[PDB]
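Residue numbers (the entry's author numbering), protein chains in the order written: chain A, 1 to 400; chain B, 301 to 400; chain H, 1 to 230; chain L, 1 to 220. By construction, the Cβ of each residue, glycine as well, lies at the ideal position given by its N, Cα and C atoms.
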Amino acid sequence: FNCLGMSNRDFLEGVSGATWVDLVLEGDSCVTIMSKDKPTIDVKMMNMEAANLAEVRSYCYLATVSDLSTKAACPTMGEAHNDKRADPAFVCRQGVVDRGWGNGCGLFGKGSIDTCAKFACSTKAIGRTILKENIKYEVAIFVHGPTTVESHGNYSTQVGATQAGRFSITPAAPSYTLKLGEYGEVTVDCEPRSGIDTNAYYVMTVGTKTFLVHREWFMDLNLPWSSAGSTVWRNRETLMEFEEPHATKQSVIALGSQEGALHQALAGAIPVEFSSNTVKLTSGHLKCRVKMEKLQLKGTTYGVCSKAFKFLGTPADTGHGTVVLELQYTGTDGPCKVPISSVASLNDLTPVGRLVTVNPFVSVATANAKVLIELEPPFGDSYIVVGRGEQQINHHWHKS
Amino acid sequence: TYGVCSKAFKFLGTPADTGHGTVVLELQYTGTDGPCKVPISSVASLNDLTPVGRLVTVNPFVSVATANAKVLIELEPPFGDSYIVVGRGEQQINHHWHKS
Amino acid sequence: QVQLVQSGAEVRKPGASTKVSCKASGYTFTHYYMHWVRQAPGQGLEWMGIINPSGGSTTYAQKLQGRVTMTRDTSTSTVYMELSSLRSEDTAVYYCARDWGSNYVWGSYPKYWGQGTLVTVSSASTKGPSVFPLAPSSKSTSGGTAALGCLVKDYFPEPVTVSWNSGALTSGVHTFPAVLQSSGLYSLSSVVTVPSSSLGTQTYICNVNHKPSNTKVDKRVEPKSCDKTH
Amino acid sequence: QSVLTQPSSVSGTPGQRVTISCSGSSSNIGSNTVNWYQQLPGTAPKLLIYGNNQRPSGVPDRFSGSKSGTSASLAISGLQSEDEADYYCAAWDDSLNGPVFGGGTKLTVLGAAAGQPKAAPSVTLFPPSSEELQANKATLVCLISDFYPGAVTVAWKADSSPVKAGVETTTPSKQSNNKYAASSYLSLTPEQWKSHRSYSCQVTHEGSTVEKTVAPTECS
Numbered sequence: 001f002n003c004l005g006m007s008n009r010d011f012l013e014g015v016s017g018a019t020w021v022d023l024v025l026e027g028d029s030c031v032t033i034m035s036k037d038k039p040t041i042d043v044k045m046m047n048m049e050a051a052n053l054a055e056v057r058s059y060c061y062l063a064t065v066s067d068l069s070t071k072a073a074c075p076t077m078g079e080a081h082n083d084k085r086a087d088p089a090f091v092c093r094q095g096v097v098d099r100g101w102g103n104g105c106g107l108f109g110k111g112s113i114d115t116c117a118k119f120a121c122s123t124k125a126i127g128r129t130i131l132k133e134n135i136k137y138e139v140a141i142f143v144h145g146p147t148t149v150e151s152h153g154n155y156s157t158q159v160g161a162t163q164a165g166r167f168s169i170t171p172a173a174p175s176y177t178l179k180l181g182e183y184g185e186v187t188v189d190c191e192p193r194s195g196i197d198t199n200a201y202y203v204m205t206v207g208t209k210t211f212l213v214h215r216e217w218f219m220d221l222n223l224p225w226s227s228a229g230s231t232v233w234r235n236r237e238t239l240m241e242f243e244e245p246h247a248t249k250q251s252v253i254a255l256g257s258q259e260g261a262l263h264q265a266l267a268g269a270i271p272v273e274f275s276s277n278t279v280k281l282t283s284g285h286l287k288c289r290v291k292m293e294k295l296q297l298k299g300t301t302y303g304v305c306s307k308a309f310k311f312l313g314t315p316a317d318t319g320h321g322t323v324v325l326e327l328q329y330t331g332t333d334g335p336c337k338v339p340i341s342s343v344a345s346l347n348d349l350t351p352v353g354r355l356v357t358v359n360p361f362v363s364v365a366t367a368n369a370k371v372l373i374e375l376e377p378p379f380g381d382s383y384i385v386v387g388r389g390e391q392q393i394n395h396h397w398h399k400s
Numbered sequence: 301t302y303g304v305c306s307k308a309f310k311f312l313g314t315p316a317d318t319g320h321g322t323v324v325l326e327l328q329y330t331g332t333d334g335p336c337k338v339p340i341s342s343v344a345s346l347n348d349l350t351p352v353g354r355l356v357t358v359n360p361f362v363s364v365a366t367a368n369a370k371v372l373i374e375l376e377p378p379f380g381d382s383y384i385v386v387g388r389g390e391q392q393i394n395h396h397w398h399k400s
Numbered sequence: 001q002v003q004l005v006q007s008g009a010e011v012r013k014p015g016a017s018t019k020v021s022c023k024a025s026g027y028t029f030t031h032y033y034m035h036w037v038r039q040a041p042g043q044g045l046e047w048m049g050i051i052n053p054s055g056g057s058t059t060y061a062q063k064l065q066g067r068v069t070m071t072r073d074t075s076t077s078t079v080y081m082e083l084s085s086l087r088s089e090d091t092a093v094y095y096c097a098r099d100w101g102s103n104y105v106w107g108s109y110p111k112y113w114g115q116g117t118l119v120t121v122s123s124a125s126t127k128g129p130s131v132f133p134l135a136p137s138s139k140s141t142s143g144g145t146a147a148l149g150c151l152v153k154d155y156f157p158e159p160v161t162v163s164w165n166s167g168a169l170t171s172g173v174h175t176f177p178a179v180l181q182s183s184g185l186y187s188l189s190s191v192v193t194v195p196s197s198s199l200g201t202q203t204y205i206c207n208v209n210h211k212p213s214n215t216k217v218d219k220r221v222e223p224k225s226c227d228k229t230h
Numbered sequence: 001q002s003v004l005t006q007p008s009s010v011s012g013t014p015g016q017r018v019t020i021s022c023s024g025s026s027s028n029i030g031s032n033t034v035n036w037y038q039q040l041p042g043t044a045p046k047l048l049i050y051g052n053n054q055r056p057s058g059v060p061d062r063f064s065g066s067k068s069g070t071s072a073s074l075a076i077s078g079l080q081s082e083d084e085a086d087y088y089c090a091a092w093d094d095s096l097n098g099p100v101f102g103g104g105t106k107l108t109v110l111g112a113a114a115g116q117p118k119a120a121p122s123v124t125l126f127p128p129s130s131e132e133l134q135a136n137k138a139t140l141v142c143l144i145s146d147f148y149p150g151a152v153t154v155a156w157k158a159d160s161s162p163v164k165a166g167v168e169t170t171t172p173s174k175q176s177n178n179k180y181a182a183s184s185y186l187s188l189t190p191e192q193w194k195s196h197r198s199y200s201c202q203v204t205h206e207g208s209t210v211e212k213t214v215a216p217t218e219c220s
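Structural data, given as structure tokens:
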């Protein structure tokens, strides 16, 4: 519900003197937004749901190629009609066999033959459609207010601290004004519009791994199939039968099932998680405008923390050009601002590292409180520092 | 000489393709007020100011004053993605569409 | 899976109000409308209204407009229904039900239903039952049996429980569903079939509880005074 | 009074097909799709059919729905005992601008067509207790059990004359053994109880009556 730790994160500084920002959210991604003199926040799309699909086709990979039949007809006696031709109980196909006296027939030459094999389905590579008002979005907003390695990911704690929220967006009401206590409020106007990709693509289902395939590659493929009935057509894939046999037995070899035919065309179609009745669109996106002239700082009338500050471990690389770390405050005093900055060289006067966790501060007055901090240090070597003078501590860092 | 409909408007289903580069759809008016003009247009992107989709059913409007009346509408949207919209501001609803 | 857990059964006097809760889980809470539907005892389903947990907008049944209020708390995924100025006719099981997934109020319908909350409105004044023994037959025959019981008379609202001998006696017990009389009060009976030969040697006590009135009665059921055998 | 009209009761034998009608108007069924709910005894409704004829996953094909003009119908083939339940149709109503329901149909499943055997009710009748009489009240209690099918009518007599005043009778309810029970209560003054030779509870079931009688000075 917040950005820290995610690989699909994007940092933003709307505009210059902007109280709003235009943005784009998608499936498993998050966004951290910064704005002069205002808290940092994370807009993130949580879920995409239709709050009703329908099947269209069903290609099979098969079994039942067990029962056999071979209606024999002697030369000049015409064709052969197998009783197993009255019901789709079996699939029949005619042929002719060279014969005569040698095998019970009176004359010599080509005799009719019409055998049949049975057909039912096993593994149905089912597929369905996606009709374009039932689309609802779930956006979660976080506030980079005080936190600890611990509480940073706990949705509960955060809501409790009024530093988080999870609301939904609908074509009905595409906006919302999420209130965050003394932090004012943020009002998004996400516009349900999305690419996005037209319903034109079919919904391919294969065993467990669902995919999104092109109407045609799918529809225009070669495999047995069935719409919404127990009736199957084109079962001709019950092939490699015509050993061009004898009236006794026509080998009806079950055609080897090679999932390669499918698998091979994997990459083409995009993969998608699908539960019995749901298809989370990633695939999908959402253009929003994070208006936030109503987003406001807090604890700005407090004094600076003046007591020792200790690191609780080597800062970590977020993989985003920023690092995280957690402090501990020896301080006995209450809610004070945390004096942390990024300095290019020990005892420089002017900072150089911008803090993601802007305007940090010890939340409680209960000494030895923890403080989480994410900041982007300058490239190359630099120093993170907390406190000043002889209280001040530091830890070096080198970005690349 | 009537005023614009000012009450919620709900879609009654996914617009349909006429096969002519236009689509059809039917609205329902929560409105209790009488014969007012239906505020529907085709917008290229949410909250744009100028329309882009020409309405076949020009100058549409709720025929009766009997709330929850239905309105049929055929309009040609622009190629590619676009948005159909009815009403404005926080009353306004919308539904996306992509012509080819 | 979608799960909807409602608050427990309630009793109210006429004129009071009741607020029922429905805690949702197993789906994205703010993406689905929530309906409320009620059912008076032995009667049909009546739609009460619908709320959008995104934004909190509501539409109520016209017949309830003015005394029903639906609300939600998105942080606890809970929906509430409050009904005021209650009358006897509001006695019903109240269900919350998640919508199928419509993106519009038009064409919404309840799909996933909670377990229901019985709300009884009675007087109405609360009244604890009188409990009377139903004495066994005086007949004495080899291998014979007799029915004895307790009459739990004139209480409101439901429910009442009856056990025998602190739950130690269960064989042959038949506790009948209550009748709701035109007075608006309930009565029920519980009867046990036992050997006749041993009447007067065995102790039979019915333990009756009417929690809404905090009434608890334990009534001994003994052979008739006219019975010369037991 | 419900907006859609259904029969109050439908019955069939195991294995047969039954249908349940649902009649509406142009503003509901005529214009909009019909849903059906099944409510097993003591449980919440579950969605059985949506969009006239669609089944949610898990609902068997022997349930099927249809719509024709302003009416709809639910057909249940291969009727099973577990299908005994209340069924409700429903649709959106354009005029009321909300969902409407039918009044509900109670589907009962009879015994096997080739012979569930009839079972006569067992009747136990208690006179007023001494305790109640001392409180200046009197109630006769008629307990009715073990009957099938689950329908009786109860009549009370003072001596041999009908009494309707003061009678309260329950609906039938299913017992653990799958037969049915009911109870009936007659309220009288202690003076009325004294003023007759006897009172009787008469239970009629499938055209046969079982009667019990009590008298104020006997020792039954």
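Residue(s) in a DSSP beta bridge with residue i
i	result
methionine 240 (chain A)	None; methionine 240 (chain A) has no bridge partner.
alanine 24 (chain H)	H:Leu4
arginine 234 (chain A)	According to DSSP, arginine 234 (chain A) bridges with nothing at all.
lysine 291 (chain A)	A:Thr187
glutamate 10 (chain H)	H:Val119
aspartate 381 (chain B)	B:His398
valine 34 (chain L)	L:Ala91
Local Cβ density within 10 Å of residue i, reported as buried at 16 or more and exposed below that
i	result
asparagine 32 (chain L)	buried
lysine 118 (chain L)	exposed
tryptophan 36 (chain H)	buried
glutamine 1 (chain L)	exposed
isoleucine 270 (chain A)	exposed
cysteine 30 (chain A)	buried
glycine 111 (chain A)	buried
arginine 193 (chain A)	buried
Own chain partners of residue i with C-beta closer than 8 angstroms, once the 5 adjacent residues on each side are dropped
i	result
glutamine 391 (chain A)	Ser306, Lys307, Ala308 and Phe309
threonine 78 (chain H)	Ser21, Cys22, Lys23, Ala24 and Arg72
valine 364 (chain B)	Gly334 and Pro335
Beta-carbon gap between residue i and residue j smaller than 7 angstroms
i	j	result
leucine 83 (chain H)	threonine 18 (chain H)	yes
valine 119 (chain H)	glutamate 10 (chain H)	yes
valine 109 (chain L)	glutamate 84 (chain L)	yes
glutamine 163 (chain A)	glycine 145 (chain A)	yes
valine 162 (chain H)	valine 217 (chain H)	no
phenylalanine 11 (chain A)	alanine 140 (chain A)	no
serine 125 (chain H)	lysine 224 (chain H)	no
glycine 172 (chain H)	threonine 141 (chain H)	no
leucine 74 (chain L)	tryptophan 36 (chain L)	yes
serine 130 (chain H)	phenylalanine 156 (chain H)	no
Residues near residue i by beta carbon distance below 6 angstroms, same chain, minus five either side
i	result
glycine 303 (chain A)	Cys336
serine 81 (chain L)	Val109
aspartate 93 (chain L)	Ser27, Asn28 and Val100
Nonlocal neighbours in the same chain, by C-beta distance under 7 angstroms from residue i, ignoring five residues either side
i	result
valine 290 (chain A)	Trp20, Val21, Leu23, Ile33, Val43, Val186 and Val188
residue 229 (chain L)	This structure does not reach residue 229 (chain L), given that chain L is present from 1 up to 220, and the question cannot be answered.
Pick out the complete alpha helix (DSSP H) segments inside the region 38-102 of chain H, 4 residues or longer, and give them in chain order. Scanning the region 38-102 of chain H for uninterrupted alpha helix (DSSP H) segments of 4 residues or longer gives nothing; none is fully contained.
Enumerated in chain order, which unbroken segments of the beta strand (DSSP E) with a length of 3 residues or greater are wholly contained in the region 310-376 of chain B? 323-329, 340-343 and 370-376
Unbroken stretches of the beta strand (DSSP E), 3 residues or longer, contained in the region 149-184 of chain H: 161-164 and 173-175
So within the region 23-90 of chain A, which uninterrupted beta strand (DSSP E) runs reach at least 3 residues, ignoring any that extend past its ends? 30-35, 38-50, 54-61 and 70-72
Fully enclosed by the region 161-231 of chain A, which beta strand (DSSP E) runs are 3 residues long or longer? 164-169, 176-179, 185-188, 201-206 and 209-214
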